[PDB]
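Chain by chain, the residues run as shown.
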Amino acid sequence: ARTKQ
Amino acid sequence: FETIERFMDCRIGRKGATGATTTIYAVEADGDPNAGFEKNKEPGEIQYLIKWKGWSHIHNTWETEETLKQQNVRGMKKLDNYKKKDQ
Amino acid sequence: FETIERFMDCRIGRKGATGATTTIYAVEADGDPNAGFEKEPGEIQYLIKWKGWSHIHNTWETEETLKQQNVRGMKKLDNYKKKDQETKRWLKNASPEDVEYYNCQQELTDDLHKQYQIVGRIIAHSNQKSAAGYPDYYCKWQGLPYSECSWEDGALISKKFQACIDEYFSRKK
Amino acid sequence: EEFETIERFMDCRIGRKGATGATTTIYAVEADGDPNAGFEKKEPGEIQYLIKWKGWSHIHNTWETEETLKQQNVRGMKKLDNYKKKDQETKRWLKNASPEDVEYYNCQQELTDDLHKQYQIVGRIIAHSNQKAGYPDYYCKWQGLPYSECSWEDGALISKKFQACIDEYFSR
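Reading the values: rules and limits
Residues numbered from 1 in each chain as written, not as in the entry; some residues may be left out. Chains lettered and ligands numbered in written order. Heavy atoms only, no water. Residues with missing side-chain atoms left out of burial classes, pairs and counts. Contact = heavy atoms within 4.5 Å. Salt bridge = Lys/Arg side-chain N within 4 Å of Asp/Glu carboxyl O. Polar contact = N/O pair within 3.5 Å; in protein donor to acceptor, adjacent residues only side chain to side chain. Helix = DSSP H or I, 4+ residues; strand = E, 2+ residues; numbered from the N terminus. Nonpolar A, V, L, I, M, F, W, Y, C, P; charged D, E, K, R; others polar. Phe/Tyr/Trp six-rings, centres within 6.5 Å; stacked < 30°, edge-to-face > 60°. Buried < 20%, exposed > 50% of the residue type's maximum accessible area, 1.4 Å probe, protein only. Buried area = accessible area lost by both parts, 1.4 Å probe. Domains from an automatic or database assignment.

**Quick notes on the interface of chain C and chain D**
Right, on to step 1. Contacts between the two partners involve 30 residues from chain C, matched on the other side by 27 residues from chain D.
Right, on to step 2. Inspection of the region where chain C meets chain D yields four salt bridges.
Right, on to step 3. A salt bridge links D98(C) to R124(D); its shortest N-O distance comes to 2.6 Å.
Right, on to step 4. Across the contact surface, chain C and chain D share 12 residue pairs in polar contact.
Right, on to step 5. If you tally residues by element for the side of chain C that touches chain D, the top one is helix α4 (residues 96-115) of chain C, at eight residues.
Right, on to step 6. Split by residue class, the side of chain C that touches chain D holds 11 nonpolar, nine polar and 10 charged.

**Here's the deal with the packing of aromatic side chains**
Residue and element names in this part refer to chain C.
Right, on to step 1. Applying the stated criterion across every chain yields a total of 19 aromatic pairs over all chains.
Right, on to step 2. Consider the rings of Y137 and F169, whose centres lie 6.1 Å apart with planes at 90°: the pair is edge-to-face. Pair noted here: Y137 is in strand β5 (residues 137-141) and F169 is in helix α5 (residues 154-170), with a separation of 32 residues, a long-range link.
Right, on to step 3. Relative to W151, the ring of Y138 lies with its centre 5.2 Å away and its plane at 50°, an arrangement referred to as tilted. Here the residue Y138 occupies a position in strand β5, and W151 occupies one in strand β6 (residues 150-152), the gap between them amounting to 13 residues.
Right, on to step 4. Judged by relative accessible area, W151 falls into the partly exposed class, the value being 23%.

**Details of the side chain of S126(C)**
Right, on to step 1. The residue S126(C) is located in the loop between β4 (119-125) and β5 in this model.
Right, on to step 2. There is a polar contact of 2.5 Å between the side chain of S126(C) and the backbone oxygen of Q128(C).
Right, on to step 3. Within the structure, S126(C) has its side chain in polar contact with the backbone nitrogen of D136(C) (distance 2.9 Å).
Right, on to step 4. Apart from the residues within four sequence positions on either side, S126(C) is in contact with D30(B), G31(B), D32(B), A35(B), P135(C), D136(C) and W151(C).

**Examining the interface of chain C and chain B**
Right, on to step 1. Listed as interface residues are five residues of chain C and, on the opposing side, nine residues of chain B.
Right, on to step 2. Counting the surface lost from both chain C and chain B, the interface buries some 550 Å², and carbon and sulfur atoms represent 52% of this.
Right, on to step 3. Together, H125(C), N127(C) and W151(C) form the three largest contributors to the area buried by chain C at its contact with chain B, with a combined 74%.
Right, on to step 4. Joining chain C to chain B, the criterion identifies zero salt bridges.
Right, on to step 5. At the junction of chain C with chain B, the criterion picks out five residue pairs in polar contact.

**Description of the domain arrangement of chain C**
Residues and elements named next belong to chain C.
Right, on to step 1. As far as domains go, chain C holds domain 1 (1-94) and domain 2 (95-173).
Right, on to step 2. Counting residues at the interface gives 13 residues for domain 1, matched by 15 residues for domain 2.
Right, on to step 3. Interface area, domain 1 with domain 2, both sides summed: about 1,200 Å², of which 61% is carbon and sulfur.
Right, on to step 4. When the buried surface of domain 1 facing domain 2 is broken down by residue, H55, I56 and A94 rank first, second and third, together holding 42% of it.
Right, on to step 5. The interface formed by domain 1 and domain 2 holds one salt bridge in total.
Right, on to step 6. Across the salt bridge formed by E28 and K160, the nearest N and O atoms sit 2.7 Å from each other.
Right, on to step 7. The interface formed by domain 1 and domain 2 contains four residue pairs in polar contact.
Right, on to step 8. Looking at the side of domain 1 that touches domain 2, the elements with two or more residues in it are β1 (4-13) and α1 (24-30).
Right, on to step 9. Here the element with the most residues in the side of domain 1 that touches domain 2 is α1; it accounts for three residues.
Right, on to step 10. Partitioning the side of domain 1 that touches domain 2 into residue classes produces six nonpolar, five polar and two charged.

Structure representation (structure tokens):
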């Protein structure tokens, strides 16, 4: 996970 | 029961990402438990890919000294010898 | 503290059309902050590919936002600019032929880069699931070697590559 | 007070000991020979990585050892632990990947590799220097890459394999 929030 | 036939690989992976849940059929079934790991999550364990006697490679799992410890698999000698690398 | 890995593209768009809101997944889910740019007076914005983030996470950024974020790699903004200048000066007066090439041979790369943003294939998933029930997916990107594969958010992916997902689990038998 | 720094890990192979470095540049191989040429046809192996150097065009990649790198003080070696981890991470996935997946993996890597090979061939020289130590330096547009990756390259060489491009250039 981890996007550009 | 249960002896070790050979240590196939070694690695640093999520604490707990060991055992039954790490067989290829289990990974493919319910996902890899080491998924996403990387040294900054605080599980960090040394894990050995331990092929078992009496089972073909698809059954090989990732264990830890502590995990081998409490299952009481024979062949620990192998561990010692595997912990054998210098520079 | 983030790091500028590569300068993918250069544009001029609405002031404020930078950052997270400028990713393709954010744009698809919410529209382009640079929407239908143009009367609008603009800013010089750079499309940047980040260290340890897939191309799907690129974002447009101005020399200012960059500095405002303390990102590392600023050196790169200078070379890029110095290089961009070198190119122009050298292509001020070139055959129209020289120019056709440049525009074709640049539309090729332009289109190529976009591919990195699309999942050509999902090759494994996580044993742990979001609270929403989504696992993460190891994605193989169009145009890039498996050394470039990566784990992407389950929910993120599902919004646009549910096929690859569907076809990943379908492949189990 | 110099030191190149590795930008991208391009490939890794098992190869002859010492068949790394300067003499492994595509144009050295071409010029002289390939130090890794006979390999395992018995003799000692050495896992080597193919490096893309910051500041140089792919035409200058070279093969290297986890050591030669250290033994040279290159920066970016934190990238080497990322790569290694990844390669094993996949060499692993291999032994168990269904044939349907191993085939895809092969087709993709096949392609990918050809891509990585274009980068080394001049597509069009777009500019030229007029300070000859006997040849002009040429600004080159590499196939498969942006103009943002044009790079001045020594004349003399270029000519050795890309005269057609410079003879072309040439309007007049």
